[PDB]
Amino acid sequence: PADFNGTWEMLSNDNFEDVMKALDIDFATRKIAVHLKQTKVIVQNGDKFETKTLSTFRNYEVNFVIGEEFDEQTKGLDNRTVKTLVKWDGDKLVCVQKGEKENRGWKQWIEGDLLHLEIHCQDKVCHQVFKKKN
């Protein structure tokens, strides 16, 4: 079983601008955001997840239990309300965010000491990789 617990520092971030544009985040904001390093802080207790996404610009928090749908407010991103549901795919997390934007969600997994995060909206996909610090 994967263990997502820890602090993970971004190594790479590809096609983030494509996803931000699909979310209608304006160009000025995309330009700021694409150049920032991010940190992911995760506390996992079995199916219970507390996560934080940190940057010098804005921070983002999302907490969930596997299989339990909840209202997510993407404040600081696109600031939309979505119905979010995260489930397992083997050792991987797969999240669907039901709402105004079509085909919105993300997929997260570990290979070794690297955390991978795929973020998708409409036909766009962003791939991020993070290295475990603690």
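Residue indices: 1-based, along the sequence shown.
Averaged over their C-alpha atoms, the temperature factors of 43-51 and 101-109 are higher for 43-51. The mean C-alpha temperature factor is higher for 30-38 when 30-38 and 84-92 are set side by side. Per-chain ranking of the deposited C-alpha B factor places residue 77 in the highest third. Split the chain's modelled residues into thirds by C-alpha temperature factor. Residue 134 is in the highest one.
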